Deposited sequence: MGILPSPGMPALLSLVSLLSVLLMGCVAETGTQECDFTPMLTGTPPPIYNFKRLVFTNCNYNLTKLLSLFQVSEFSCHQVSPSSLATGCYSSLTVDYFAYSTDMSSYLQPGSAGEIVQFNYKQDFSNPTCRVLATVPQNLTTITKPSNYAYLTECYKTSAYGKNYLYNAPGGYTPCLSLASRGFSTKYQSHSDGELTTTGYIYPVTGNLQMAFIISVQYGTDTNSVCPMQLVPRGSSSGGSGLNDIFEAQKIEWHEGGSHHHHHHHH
């Protein structure tokens, strides 16, 4: 039962607030083959080790991936706050996890490049008493996702439906595309083994 990572290697990686999630079960994961296709720049694990991640059996293997510039790596750290964690992605630390920031080599052509990197700067309900900010749950999506699906063509651009407001930020992609992967393991117990 070889594991298929093909859909991740095909298409355009999404923005962070619309991250892609792949769940694997009853698999045989060749993790080294997957990671050898990218120029890895950062690999930080919690409750596990990079060598221990590539060994042992798990009941389920989840990968959340998106396009993300490595120069923003400081905003994607455990205990860090700010707009990225609040409105785009919150890493769930209830299980062993590993965050990998990598660069796409010019070899890979199935991975097409987006026009811009994008993220949300705020997501709130409006009222007469101020802004009621809506925060991401650990490992969950933003409640402003439907509004953000419209798209952003300028910096600090707002979309509102009347009871919800979201603001987006974009900046162009230069050079090789950079990506972020979040790997989580949940653990019958030998479905996913090396």
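Missing from the model relative to the deposited sequence are positions 1-32, 220-221, 229-267 (no C-alpha coordinates, numbering from 1).
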